[PDB]
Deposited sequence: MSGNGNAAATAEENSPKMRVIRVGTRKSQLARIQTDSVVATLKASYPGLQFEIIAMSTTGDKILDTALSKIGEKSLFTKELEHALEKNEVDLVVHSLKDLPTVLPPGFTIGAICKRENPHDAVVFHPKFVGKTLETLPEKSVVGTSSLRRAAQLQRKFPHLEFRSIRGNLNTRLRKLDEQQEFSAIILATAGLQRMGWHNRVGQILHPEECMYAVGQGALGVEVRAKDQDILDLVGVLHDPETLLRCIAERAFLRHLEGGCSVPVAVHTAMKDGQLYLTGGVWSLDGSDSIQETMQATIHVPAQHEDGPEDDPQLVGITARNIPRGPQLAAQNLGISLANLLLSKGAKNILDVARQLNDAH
């Protein structure tokens, strides 16, 4: 069998897929890999090819995969996270500036409700208006017109394009927490395909795996739906897993944010895990110890429950109906 890899045509999707194939080819230099390019939600188009056996794995940005995947598919590999933080690209005239030092009423472009909500609260002296198009078009709207003084986007996308040099400012968590699963890639496969699941299991990075299980379990337990201001921050230091999560009204004046930790050790050994284990928030990692995997899910759930008892659902409901 030749391992067929499906991908979207867009530039960033192509670049992400190529980097995943490169990592698989380092582990499996003796196998052939073909990359098949194909044509508000694009995932189900790739998912249709995956179930009908026209491709065998699809590479996604993990934050584009909902917390509930269709029952026949699973995330079989959580690759090592790149830089997860949000970044600012400034207008050529504003080189050397920050969001704080931009003149008042400078327009900042972003179509992310999560970014607009957090940044309108942290920088009330700036307008945040929607910016439309792909990364290449957004950078041309920034350069050619004088509508936008800056645009907001994810660092990882700029880096994968090789455009690190256009990054003016990296936003820290206290300014802007990143989206659930941002900076990590997810390999999505048929749920009952033992062979592909075993092959891509080599891509699993234990720390990104556990960190993303907490972020996705936290996100799913709030049941806020699609396109709502939820942001997270994870870190593992000293055998502890830290999960900070927050919810905001669309405009940023309403916010609940809390942090909780748990003792969860990062596993270094691989194991031959059971074949009938259920997926955790759509993730199958049979070669990583499941104990820490469940504890990470338990951490996300506990923090979501804490936020909910402090009024998180009503913020999510106003934000949803105001979108």
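Novice: Can you list the gaps, numbered from 1 on the deposited sequence, where no C-alpha is modelled?
Specialist: In the chain as deposited, 1 to 18, 58 to 74, 359 to 361 carry no coordinates.
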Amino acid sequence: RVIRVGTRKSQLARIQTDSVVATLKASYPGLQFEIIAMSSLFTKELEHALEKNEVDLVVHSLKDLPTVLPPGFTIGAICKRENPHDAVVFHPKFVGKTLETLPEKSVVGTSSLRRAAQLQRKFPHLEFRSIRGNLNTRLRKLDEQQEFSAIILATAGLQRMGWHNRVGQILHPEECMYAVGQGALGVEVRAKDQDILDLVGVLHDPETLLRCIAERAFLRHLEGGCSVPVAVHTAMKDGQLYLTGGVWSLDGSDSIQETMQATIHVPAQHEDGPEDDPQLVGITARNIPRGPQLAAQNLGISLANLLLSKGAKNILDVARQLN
From here on, numbers count along this sequence of modelled residues.
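Just so we're on the same page, rigid core means the largest C-alpha set that superposes within 1.5 Å between forms.
Novice: Taking the root mean square of C-alpha distances over all structures and residues in 7 other deposited structures of this protein, with a rigid core superposition, name the larger of 226 to 234 and 184 to 192.
Specialist: Between 226 to 234 and 184 to 192, the one lying farther away in 7 other deposited structures of this protein is 226 to 234.
Novice: Would you say residue 279 is missing from a third or more of the other compared entries?
Specialist: No, residue 279 has coordinates in all the other entries compared.
Novice: How about residue 40: is it missing from at least a third of the other entries compared?
Specialist: Missing in at least a third of the others, so yes.
Novice: If you average the CA temperature factors as listed in the entry, which stretch comes out higher, 72 to 80 or 139 to 147?
Specialist: Comparing 139 to 147 with 72 to 80, the higher mean C-alpha B-factor belongs to 139 to 147.
Novice: Would 24 to 32 or 270 to 278 have the larger average of its C-alpha temperature factors, as given in the entry?
Specialist: Comparing averages over the C-alpha atoms only gives 270 to 278.
Novice: Of the options 114, 220, 211, 164, which has the highest CA B factor as deposited?
Specialist: The C-alpha B-factor peaks, among 114, 220, 211, 164, at 164.
Novice: I'd like to know which of 160, 204, 132, 85 has the highest C-alpha temperature factor in the PDB entry.
Specialist: By C-alpha B-factor in the record, 132 ranks first.
Novice: Quick check for you: using the entry's CA B-factors within this chain, is residue 41 in the lowest, middle or highest third?
Specialist: Its C-alpha B-factor belongs to the highest third of this chain's values.
Novice: Please place residue 64 in the lowest, middle or highest third of its chain according to the CA B-factor in the PDB entry.
Specialist: Its C-alpha B-factor, which the entry lists for residue 64, ranks in the lowest third among residues of this chain.
Novice: Would you please rank residue 53 by its C-alpha temperature factor against the other modelled residues of its chain and give the third it falls in: lowest, middle or highest?
Specialist: It falls in the top third of the chain.
Novice: Lowest, middle or highest third: where is residue 172 by Cα B-factor in its chain?
Specialist: It falls in the top third of the chain.
Novice: Taking the entry's C-alpha B-factors for this chain, is residue 231 in the lowest, middle or highest third?
Specialist: It falls in the bottom third of the chain.
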